[PDB]
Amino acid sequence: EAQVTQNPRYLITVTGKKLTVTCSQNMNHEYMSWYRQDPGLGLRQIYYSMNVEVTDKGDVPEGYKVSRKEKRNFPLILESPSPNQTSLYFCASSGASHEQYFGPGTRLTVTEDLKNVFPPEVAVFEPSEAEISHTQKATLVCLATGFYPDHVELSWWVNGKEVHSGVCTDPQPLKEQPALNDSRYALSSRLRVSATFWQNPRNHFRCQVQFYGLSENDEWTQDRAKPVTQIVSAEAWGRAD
């Protein structure tokens, strides 16, 4: 399980405030590079290091800076962050042969104002009586809406234990307002179980949505609750026929 380590994993910032995403690798690889990934553009190299104190700018380097004082680390510095630096960043290491080891990725969002950050609202919709008589299977639908940025993790928990069998979550969030640059997002997931399971009133279905928002450090002058990193849930209990 050794791998490339990226810290932080998620981050929201105001245009201007400088930031640095570090990247560690304990495999003694001399090669390290940063990549950004955007929809429709794929993976684009930013900078790359062939060895200690060796640095060369990749395809899209404007706005970024790196340093390679140590073999283990290859940080990425953005002096004056901008809205277009909003992206999914990856750090990679290469050693034996020339095989790439990618970090888990960093999701960075540079927003004009922190007043745009909203946590999700989660709701669970119970199985249709129609679907049960016609199919003998019950489908619950979890809806996570109005969150920004698009940084969420959703998961189902039945009777206190996580579930995988019978769930389908959208691969990526939906932009509620495609035409807006600061639009909020939605995500849905499905949990289908036999009609028998659903009819037991002792069964407990809970939808869990982890939001990555502000840190407890960020200032906040608005009235509504500070949109901090947090977990929001929603449940339903089995209903007898």
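Numbering starts at 1 and follows the sequence shown.
- Relative to its counterpart among 145-153 and 92-100, 92-100 has the higher mean temperature factor, C-alpha atoms as listed in the PDB entry.
- Mean CA B-factor, 158-166 versus 127-135: the higher value falls on 127-135.
- Within the listed group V122, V117, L140, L78, the record reports its top CA B-factor for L78.
- Among the modelled residues of its chain, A240 has a C-alpha B-factor that falls in the highest third according to the deposited record.
- Sorting the modelled residues of the chain by their CA temperature factor places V4 in the middle third.
- Among all modelled residues in this chain, the alpha-carbon of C207 has a temperature factor (C-alpha) in the lowest third.
- In the PDB entry, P178 places in the middle third of its chain by CA B-factor.
- Among all modelled residues in this chain, the alpha-carbon of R36 has a temperature factor (C-alpha) in the lowest third.
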